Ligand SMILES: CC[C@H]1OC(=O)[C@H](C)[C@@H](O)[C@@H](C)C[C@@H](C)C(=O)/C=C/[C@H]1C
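One chain comes next, on its own, written as structure tokens: the form deposited without the ligand.
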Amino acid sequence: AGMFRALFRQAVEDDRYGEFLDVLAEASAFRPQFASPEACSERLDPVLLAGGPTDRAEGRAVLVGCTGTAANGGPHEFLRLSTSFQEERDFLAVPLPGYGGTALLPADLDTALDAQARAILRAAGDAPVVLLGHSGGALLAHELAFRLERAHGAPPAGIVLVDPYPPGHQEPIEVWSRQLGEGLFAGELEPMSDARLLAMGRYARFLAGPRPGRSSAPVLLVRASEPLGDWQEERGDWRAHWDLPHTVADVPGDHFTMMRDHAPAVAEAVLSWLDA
């Protein structure tokens, strides 16, 4: 077992990361899947990683971390960032359906989003919700926001997109594909399972498909300040992008280190924005 990981490693060495992700997406279609949010084969209950002031237990929006697609990710994704919200805001990390190796994969993105929506609404209660995601997780946070609005009549109070690269601005992901792939292998707490690599490929494909809806929630765009890899100035702007953001905040670090070594800066931008 583990052939997908082996092929993956080779693809990165050969600078064919993008091509391999397509293969993962195609292969993933043959994994058992759940067609109903209710038929989800796993507990999506968010985990409380930080607690806000017990004092003003009034309305106050709660932060919900939308786990990204990285096959090397999981419950550890928001550990560093969340510490900065302790005594400031409750922070709930919600799992992405299909990971954690017999977990069923979602038949389509909306089905996975509904499963998450239900777990989130139950956990948040009457508190307003502000979704937060990084990279693939940022793209998922927005899709989730729109779903909550249209299928659960509950649009979040806001969306925090950390370093998103939406369709239309994928040149940096293409140019730095090798670093994005190496970054995945680096920082892996354990070897990525083929099941999780398949899940990653499936979500990547979901995010590339027709996604009409735009959330009415205000968005905070948090951008890395340093390029992940070499970039020829003539190509244009390598920085992350979102169309018509409510606020834009720049933080130190690159696509990866902005969260790894400068999470406090990210948290700081979020808190100041929430107050406003």
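Start at 1 with the first residue shown and count on from there.
If you look for the form solved in complex with the ligand, you will not find it shown, but the lines that follow are about it.
Colleague: Run the site superposition, bring the ligand over from its position in the bound PDB entry, and let me know if the shown form is open or blocked under the 3-atom, 2.4 Å backbone or C-beta criterion.
Modeller: Site status: open.
Colleague: Please tell me which of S193, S84, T111, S177 lies within 4.5 Å of the ligand in the bound PDB entry, judged by heavy atoms.
Modeller: Flagged contact: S177.
Colleague: Consider the chain as shown here, without its partner, and state which of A154, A157, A107, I173 has a heavy atom within 4.5 Å of the ligand in the bound PDB entry.
Modeller: Flagged contact: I173.
Colleague: Only one of these stretches, 87-95, 117-125, 131-139, 144-152, has heavy atoms within 4.5 Å of the ligand in the bound PDB entry; which one is it?
Modeller: Among the listed stretches, the partner-contacting one is 131-139.
Colleague: Three residues, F78, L189 and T257; all within 4.5 Å of the ligand in the bound PDB entry via heavy atoms?
Modeller: No: no residue has a heavy atom within 4.5 Å of the partner.
Colleague: My question is simply whether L207 lines the interface with the ligand in the bound PDB entry - judged by any non-hydrogen atom within 4.5 Å.
Modeller: The answer is yes: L207 has a heavy atom within 4.5 Å of the ligand.
Colleague: Is there a heavy atom of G18 no more than 4.5 Å from a heavy atom of the ligand in the bound PDB entry?
Modeller: Flag for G18 set to yes.
Colleague: Does the ligand get within 4.5 angstroms of any non-hydrogen atom of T69 in the bound PDB entry?
Modeller: Contact with the ligand, yes.
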